[PDB]
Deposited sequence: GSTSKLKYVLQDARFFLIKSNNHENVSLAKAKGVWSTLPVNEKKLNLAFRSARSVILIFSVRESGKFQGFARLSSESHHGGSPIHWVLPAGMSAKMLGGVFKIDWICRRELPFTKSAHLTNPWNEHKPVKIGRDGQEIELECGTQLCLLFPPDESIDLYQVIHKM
């Protein structure tokens, strides 16, 4: 299977590692195509969205040993139908910023064992699995990381390719 469409989507991308707190919220985000974060990281992502042809979120639930997929921002965050996230301990829906609409590019998992050869120059050349929530990943490392994920037959890139 050709990777030309995915390489096109990634040509001028920025990449951010999302260290999700709860697997259930990743499931919600996957199903509904929406995501939200704290205003600190939100502002950084809204700026990125204006700065690059694609902004890619690469999800890795904390302590999971895996990435759970990756998605492209379709919009800057907006404030809308409320999403009922599973709120982690000591968190409240008030702490969250607006909602990003996101188009999932892959919803299949990638174990850290499969990315162990990739290092992120923008995180001190550490293996790319290592990073805080919102860690930016350099273009080539991010591109290669996305290309390691298995093909996802539930995904059709047509809508993304049209939004571009």
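The sole unmodelled region of the deposited chain is 80.
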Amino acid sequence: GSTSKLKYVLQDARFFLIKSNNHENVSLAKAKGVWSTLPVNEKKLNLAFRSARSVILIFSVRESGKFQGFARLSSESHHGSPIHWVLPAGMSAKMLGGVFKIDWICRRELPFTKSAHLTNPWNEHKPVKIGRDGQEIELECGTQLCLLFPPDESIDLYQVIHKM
From here on, numbers count along this sequence of modelled residues.
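In this text, the rigid core denotes the largest set of C-alpha atoms whose superposition between the two forms falls within 1.5 Å.
Here the rigid core sets the fit, and in 8 other deposited structures of this protein the C-alphas of 96-104 stray farther than those of the other stretch, out of 42-50 and 96-104.
The PDB entry reports B-factors from which the mean C-alpha value can be compared for 44-52 and 94-102; the larger average falls on 94-102. Between the residues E109, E138, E63, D133, it is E63 that shows the highest Cα B-factor in the PDB record.
Annotation for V86: CA B-factor lies in the middle third of the chain's modelled residues. Placement of the Cα temperature factor of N22 within the chain: highest third of the modelled residues, per the deposited record. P39: CA B factor in the highest third of modelled residues in this chain (values from the PDB entry). Sorting the modelled residues of the chain by their CA temperature factor places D152 in the middle third.
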